[PDB]
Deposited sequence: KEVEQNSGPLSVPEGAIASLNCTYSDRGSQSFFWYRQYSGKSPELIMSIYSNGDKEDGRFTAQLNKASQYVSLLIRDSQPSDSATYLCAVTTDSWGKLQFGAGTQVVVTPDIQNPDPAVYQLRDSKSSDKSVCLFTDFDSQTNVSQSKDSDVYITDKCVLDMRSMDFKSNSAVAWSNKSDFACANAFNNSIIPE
């Protein structure tokens, strides 16, 4: 049995993401951490075999055969570390934990929260509402309505300006629909 701590875990940018994993079989020999970005394949990032600490870049893996857990710490977390992390144990047949999603939220330096209405480049009749530039403590709640859709917040990184921003998008079919309704 491979058991990981339940997610998603939110971690402020710069802090430590801390993941763990218990295995039932005390005669397990080998221990692994995989990183899986959303829609992508698992990628091996740490292997650990003996009791103690192992470091690679900002990753520190730890094995405590005594307590029967492995953990993984990601130091100085960055938004680009947002992913699912999976623990795999060997008996070299692998057994995989269910994975823990980590969400590293950006430190927004100059928030300027605002809602803007955007129009279709084709019909000009249709629009969407964009809530953007709010800080990462900010809560975006689901719609009070089955005809109004609101996305989760999404972090975008303009490397051309060293600038990250949060946003969420809303839209609806009901005309007389105002961005004013959308985010509440």
item	value
Missing C-alpha runs, given along the deposited sequence, first residue counted as 1	1, 93 to 95, 189 to 194
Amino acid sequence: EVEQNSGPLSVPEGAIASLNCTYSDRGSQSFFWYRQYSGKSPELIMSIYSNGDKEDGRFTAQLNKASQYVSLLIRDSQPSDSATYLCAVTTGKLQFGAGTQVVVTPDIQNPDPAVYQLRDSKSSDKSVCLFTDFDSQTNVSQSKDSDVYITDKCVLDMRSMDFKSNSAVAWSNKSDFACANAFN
From here on, numbers count along this sequence of modelled residues.
| property | result |
| --- | --- |
| Mean Cα B-factor comparison, 74 to 82 or 93 to 101, giving the higher one as deposited | 93 to 101 |
| Mean temperature factor over C-alpha atoms, higher-scoring stretch between 115 to 123 and 153 to 161 | 115 to 123 |
| Candidate set 142, 47, 36, 138 [ranked by C-alpha B-factor, highest] | 142 |
| Modelled-residue ranking by C-alpha temperature factor, third containing residue 32 | middle |
| Lowest, middle or highest third - CA B-factor, residue 132 | lowest |
| Where the record places residue 20 (Cα B-factor, split into thirds across the chain) | middle |
